[PDB]
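Written out below as structure tokens is the structure these notes cover.
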Amino acid sequence: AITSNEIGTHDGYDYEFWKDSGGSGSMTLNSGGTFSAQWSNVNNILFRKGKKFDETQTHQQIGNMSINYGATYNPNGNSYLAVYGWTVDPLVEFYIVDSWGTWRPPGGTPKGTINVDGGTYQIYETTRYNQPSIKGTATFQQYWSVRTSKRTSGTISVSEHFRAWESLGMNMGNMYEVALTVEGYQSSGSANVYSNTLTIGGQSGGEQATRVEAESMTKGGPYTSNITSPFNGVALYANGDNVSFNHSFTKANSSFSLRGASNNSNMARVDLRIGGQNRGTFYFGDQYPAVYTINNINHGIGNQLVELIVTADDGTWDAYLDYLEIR
Ligand SMILES: [Ca+2]
Ligand SMILES: [Ca+2]
Ligand SMILES: [Ca+2]
Ligand SMILES: [Ca+2]
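The entry's author numbering numbers the first residue of the sequence shown as 1 and each following residue consecutively.
Below is the structure:
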């Protein structure tokens, strides 16, 4: 188990054990975002699993963030169960607090409220003076959403809290971290985070797909032509043959579902380009229409050219495209 200050990555999750002097603590890393934690007579201790970022992107450029979790939470004293993290420039430490121990943070007078994920959260801003931080000992703001009532499982719509904060003039810097966290202050306790899933990009299934028919896109290359069999669409015959269109991306992440087929039993390959960058490859294994989905593409908000192009032709297959759906 982890019993001293440590940073690492475990099962894809950036994890961190931090405590100052005094007391003891133990963190056991389990699969996914999950972990168990124990602490005894600490001054301050934090156990967390989430994502560290490279400090270059705002949370909008990263995309929608959502955390679904469940914890058996047994604090004995001051403690928080929260989504926790940092921004830089400005340096901000933030909390989305779902449960706590003996004291409901953070004191002071609320700046507003948000109703989300079936609960009500009051929003606060505080100041830490010469306190430890990711940039050394520093003075910085803390941002809080604190539930009006305790819960130890559910979904936290992190990006909703972020927008609520910014709407109240709590300006956020580039993201450094987002992580489900167990914190202890002048306390003891234990906790078992048996479920912790951080999702970037995806949401709800009906927030509404856009389908663009291949025959309505712009044709390019030597031979691209319309076809009516095995569907209404286009054929890409040679290297350079492509179809393209400008898409207005609302979010920063999308799934791309291309309905197509080879003309025969040889595998056809179609490259995806967004804004001039190759972002992946659709595979059509045979002559029967099928939908190939490339998921979790971070492309950023804005109007960008989507290009579907043949680059590996050798005369043994053609690519037939019906439509592309962006979700
Ligand atoms: Ca702290
Ligand atoms: Ca003490
Ligand atoms: Ca061909
Ligand atoms: Ca079509």
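Where is the CB? At the ideal position from N, CA and C, for every residue including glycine.
With contacts defined by Cβ atoms closer than 8 Å, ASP271 and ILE309 form a contacting pair. Our two residues, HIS161 and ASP322, have alpha carbons roughly 40 Å apart in a direct line. Not one heavy atom of ligand 4 falls within 7 Å of the beta-carbon of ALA290.
Between ligand 4 and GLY233, a heavy atom-to-CB distance of less than 7 Å is present. Look at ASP318: its beta carbon is at least 7 Å from all of the heavy atoms in ligand 4. Short note on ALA214: C-beta closer than 7 Å to some heavy atom of ligand 4. The beta carbon of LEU258 is closer than 6 Å to those of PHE282, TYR292 and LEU324 in its chain, skipping five residues each way along the sequence. If you check the CB distance, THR28 and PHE17 do not come in under 8 Å. Inclusion of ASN41 in the 7 Å shell around ligand 2 follows from its C-beta lying nearer than that to a non-hydrogen atom of the ligand.
Here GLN277 is exposed, its C-beta having fewer than 16 other C-beta atoms within 10 Å.
Listed in chain order, the non-local C-beta contacts of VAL88 below 7 Å within the same chain comprise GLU55, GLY173, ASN174 and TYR176, local neighbours out to five positions each way being set aside. For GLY315, the CB falls within less than 7 Å of some heavy atom of ligand 3. Ranked by Cα distance from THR197, the first of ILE274, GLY189, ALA179 and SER188 is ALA179.
For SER167, the closest alpha carbon among the candidates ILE123, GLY189 and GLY136 is that of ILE123. Shown here for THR311: same chain residues with a beta carbon closer than 6 Å to its own, the five before and five after excluded, namely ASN239 and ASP271 in chain order. Non-local C-beta neighbours of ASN246 in its own chain, meaning closer than 6 Å and more than five positions away in sequence, comprise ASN303 and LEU305, ordered along the chain. In this structure, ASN74 lies near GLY189, with their beta-carbon atoms less than 8 Å apart. Straight-line measurement puts the Cα of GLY23 at about 27 Å from the Cα of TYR143.
Per the coordinates, the alpha-carbon of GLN287 lies some 17 Å from the alpha-carbon of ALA214. Here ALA252 is not near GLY221, since their CB atoms are 8 Å or more apart.
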